[PDB]
Amino acid sequence: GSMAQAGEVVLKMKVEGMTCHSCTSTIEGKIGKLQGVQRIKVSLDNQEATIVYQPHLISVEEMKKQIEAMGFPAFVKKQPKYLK
């Protein structure tokens, strides 16, 4: 069936702890509350979020854009426009 990311998608984005995790407790429950999500993991320090989700509800990447907007920049892998 799914050769790799067909039935689902995976985005291991690597956050920046801002200064020293100014919050991130809220981010725990934020990421865990994302709909259409299958698996859900969040690392320490750089809070490298590794969430698996089905590709037709929402993009966890957009959800992490909020994490970056509040002050936790993320070194997202998915950079198609930048890639050639």
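Among the residues of segment 7-62, write down those that are acidic (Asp, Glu) and either at positive phi or touching a residue at least 40 places away in the same chain (Cβ under 8 Å) (or both).
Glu8, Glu16, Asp45, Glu61
Out of the residues in segment 46-56 meeting the condition of being within 10 Å of the chain's Cα centre (by Cα) and part of a loop (DSSP other than H, G, I, E, B), tell me which one is farthest from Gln79 (Cα to Cα).
The residue in question is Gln47.
Please specify each residue of segment 8-33 satisfying the condition of being under 10 Å from the mean Cα position of the chain (by Cα), among the hydrophobic types (A, V, I, L, M, F, W, C) and within 14 Å of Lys65 (Cα to Cα).
Matches in segment 8-33: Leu11, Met13, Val15, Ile31.
Within segment 8-21, count every residue that is under 12 Å from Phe72 (Cβ atoms), of a type outside the set (A, V, I, L, M) and surrounded by 11 or more Cβ atoms within 10 Å (Cβ to Cβ).
Total satisfying the criteria: 4.
Of the residues that sit in segment 63-84 and are in contact (Cβ under 8 Å) with a residue 60 or more places away in the chain and either exposed (fewer than 12 other Cβ atoms within 10 Å of the Cβ) or part of a strand (DSSP E or B) (or both), which one is farthest from the chain's Cα centre (by Cα)?
In this case the residue turns out to be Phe75.
Scan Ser59, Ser25, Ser43 and give me the residue that is surrounded by fewer than 18 Cβ atoms within 10 Å (Cβ to Cβ), closer than 19 Å to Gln79 by Cβ and polar (S, T, N, Q).
From the options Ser59, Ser25, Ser43, the qualifying one is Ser59.
Restricting to segment 44-64, what's the tally of residues that are under 10 Å from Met13 (Cβ atoms) and of a type outside the set (A, V, I, L, M)?
Matching residues across segment 44-64 total 6.
Answer yes if at least one residue in segment 24-39 is more than 22 Å from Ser2 (Cβ to Cβ), part of a loop (DSSP other than H, G, I, E, B) and not aromatic (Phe, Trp, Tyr), and no otherwise.
yes
Here, each number is a calculation from the coordinates, and none is a lab measurement. As a convention, Cβ positions derive from the backbone with ideal geometry for all residues, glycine included, and neighbour counts pool all protein chains shown.
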